[PDB]
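Asks:
Chains as they are written, first to last, in the authors' numbering: chain v, 1 to 346; chain Z, 281 to 346.
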């Protein structure tokens, strides 16, 4: 191909193309024109080889990828600026106006709202990164410094880690994203397609779909908030409207929120020395709350009493009763145990 | 059975005073491979037994079933 086509090869080819009495000689004037044209033609061959690659969907550049995705209607992500809140410590009554820039090392951060040291609202003010990037996502407790000294301001530190700083999307990321988009398109009523739109709601984390719950075409949408806790009613409403904005033709949609199950417990236990009823009560309730957060399936009475005895301050235990029974209690779907009654006696 | 045997052996190494029947069932339920248990009897009984002087607990019979 064009790699085979070179200065020497095309030069000899052109020399053969000419039927002339002049013997071919190095440095001849006619040889000079032929050699110059062949050099520029070889350069043009290299350019053609390059525009092979530049015309492809892959191995594009910033402008090339931009044009391709604009033809596809896709747009690359420039990233987002980091956002956090810092604390200003210094002379009381000092007013830090909006637009003030605080520098941590070489990083530059700007204060959004006015903050007064010693004010009733406090000395905490949200601070946004001047530019996008992971480097702007500063951790907690960073000693920010004013670029411009302000009288009355001494120490600037963030009580929370800076977040929201996202980097510039790379070409490969956008290429793979576009390839996935073309590969997987929105369908009418696929479980994954419908569930993804529900996943866009911030409040909910886990989404489940129960089709045929009320006959053909009937879809029962099941949602789960933070660690499968029930979200607020307004969150349910906004999720319902959102999924209706993307729902297929003629579906019946019901959003189901997780339910809590109250738990009442009672036992007659012996407490270890130096420990009171309140301490063992709080420790065991925290432990059993963790267990409820991790319990899969139904309740295990033996596991409950095991976490009870393993709790510090339990000399011995007896007469353990949960919800009026000592048997294993079945947990149904969308039901999470909730600690409500703790009847502990020594 | 072997895992609970090791657990009860180290507990007896660490035990003092009396064997606690609730402690026995707690160390049995916490044992790996144990889902649910019932009718746990020590020497056929459900009561704590005092470990007297110059005396140590000794495991003799292990009866576990489903």
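Even for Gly, the Cβ is constructed at its ideal location relative to N, Cα and C.
So what does residue 128 of chain v bridge to, in DSSP terms?
Replies: Position 128 of the first chain, counting from 1, holds the residue named residue 128 of chain v. v:83 and v:110.
Asks: Going along the segment 303-334 of chain v in order, which residues come within less than 8 Å of chain Z, judged by CB to CB distance?
Replies: Cβ contacts with chain Z come from 303, 305, 306, 309, 310, 316, 317, 318 and 328.
Asks: Using a 10 Å radius around the Cβ and a threshold of 16 neighbouring Cβ atoms, would you call residue 283 of chain Z buried or exposed?
Replies: Against the second chain, residue 283 of chain Z aligns to sequence position 3. Per the 10 Å Cβ criterion, exposed.
Asks: What are the complete alpha helix (DSSP H) segments, minimum 4 residues, inside the segment 191-264 of chain v?
Replies: Counting only runs of 4 or more, we get 191-199 and 233-244.
Asks: Any heavy atom of the ligand ZN closer than 7 Å to the CB of residue 318 of chain Z?
Replies: In terms of ligand content, the structure shown is empty, and the ligand ZN therefore cannot be addressed.
Asks: Looking at residue 10 of chain v: is its Cβ nearer than 8 Å to the Cβ of residue 38 of chain v?
Replies: Here residue 10 of chain v is taken as the residue at index 10 of the first chain, counted from 1. Here residue 38 of chain v is taken as the residue at index 38 of the first chain, counted from 1. Yes.
Asks: Report the three-state DSSP secondary structure of residue 290 of chain v (helix, strand or coil).
Replies: If you number the first chain from 1, residue 290 of chain v lands on position 290. Residue 290 of chain v falls in the helix class under three-state DSSP.
Asks: Ignore the nearest five residues each way along the sequence and tell me which others in residue 328 of chain Z's own chain have a CB closer than 7 Å to its CB.
Replies: Here residue 328 of chain Z refers to the residue found at position 48 of the second chain. Closer than 7 Å at the Cβ level, and outside the excluded window around residue 328 of chain Z, lie 298, 299, 300 and 301.
Asks: Give me the residue from Z:333, Z:305 and Z:330 with the minimum Cα distance to residue 320 of chain Z.
Replies: Locating residue 320 of chain Z in the second chain gives position 40, where the first residue counts as 1. Checked all of Z:333, Z:305 and Z:330; the closest Cα to residue 320 of chain Z is Z:305.
Asks: Please classify residue 147 of chain v as buried or exposed, where buried requires at least 16 other C-beta atoms within 10 Å of its C-beta.
Replies: Residue mapping note: residue 147 of chain v aligns to position 147 of the first chain, counting from 1. With fewer than 16 Cβ atoms within 10 Å of its Cβ, residue 147 of chain v is classed as exposed.
Asks: Let me check one thing: in DSSP terms, what residues is residue 145 of chain v bridge-paired to?
Replies: Along the first chain, read from residue 1 onward, the residue named residue 145 of chain v stands at position 145. DSSP output for residue 145 of chain v lists v:103 as bridge partner(s).
Asks: Can you tell me which of v:132, v:144, v:226 and v:158 puts its alpha carbon nearest to the alpha carbon of residue 164 of chain v?
Replies: For the purposes of this step, residue 164 of chain v is identified with residue 164 of the first chain, where counting begins at 1. Taking only the C-alpha atoms, the option nearest residue 164 of chain v is v:132.
Asks: I'd like to know whether the C-beta atoms of residue 96 of chain v and residue 115 of chain v end up nearer to each other than 8 Å.
Replies: Position 96 of the first chain holds residue 96 of chain v. Position 115 of the first chain holds residue 115 of chain v. Yes, the pair counts as a contact, with Cβ atoms nearer than the cut-off.
Asks: Determine the DSSP secondary structure at residue 333 of chain Z, reduced to helix, strand or coil.
Replies: As a position in the second chain, residue 333 of chain Z is number 53, starting the count at 1. Residue state, collapsed to three classes: coil.
Asks: Could you tell me which residues DSSP puts in a beta bridge with residue 155 of chain v?
Replies: On the first chain, position 155 is the one that residue 155 of chain v refers to. In DSSP, residue 155 of chain v forms a bridge with v:89.
Asks: Is there contact between the segment 157-177 of chain v and the segment 53-73 of chain v, where contact requires at least three CB pairs shorter than 8 Å?
Replies: With a cut-off of 8 Å, the segment 53-73 of chain v and the segment 157-177 of chain v count as touching, because enough Cβ pairs lie within range.
Asks: Can you list, in chain order, the residues of its chain whose CB lies under 7 Å from that of residue 255 of chain v, leaving out five sequence neighbours each side?
Replies: On the first chain, position 255 is the one that residue 255 of chain v refers to. The residues are 221, 223, 236, 239 and 240.
Asks: Could one say the Cβ of residue 300 of chain Z lies closer than 8 Å to chain v's Cβ atoms, at least one of them?
Replies: The residue you call residue 300 of chain Z lines up with position 20 of the second chain. Interface residue, yes.
Asks: May I ask you to verify whether the segment 195-204 of chain v touches the segment 104-124 of chain v, counting CB pairs closer than 8 Å and requiring at least 3?
Replies: They do not touch, by the three-pair rule.
Asks: Could you please give the first and the last residue of the uninterrupted beta strand (DSSP E) stretch that includes residue 319 of chain v?
Replies: Counting from one through the first chain, the residue named residue 319 of chain v turns up at place 319. 314-322 is the span of the beta strand (DSSP E), which, as asked, contains residue 319 of chain v.
Asks: For the alpha helix (DSSP H) containing residue 178 of chain v, name the first residue and the last one.
Replies: If you number the first chain from 1, residue 178 of chain v lands on position 178. Start and end: 171-183.
Asks: According to DSSP, is residue 343 of chain v helix, strand or coil?
Replies: On the first chain, residue 343 of chain v is found 343 positions in, with the first residue counted as 1. Residue 343 of chain v falls in the strand class under three-state DSSP.
Asks: What span of residues does the alpha helix (DSSP H) with residue 298 of chain v cover, start to end?
Replies: Within the first chain, residue 298 of chain v is the residue found at index 298, counting from 1. Residue 298 of chain v -> no alpha helix (DSSP H), and no H or E assigned at all.
Asks: According to DSSP, is residue 302 of chain v helix, strand or coil?
Replies: Start at 1 with the first residue of the first chain, and residue 302 of chain v comes out as number 302. In this structure, residue 302 of chain v counts as helix in the three-state DSSP scheme.
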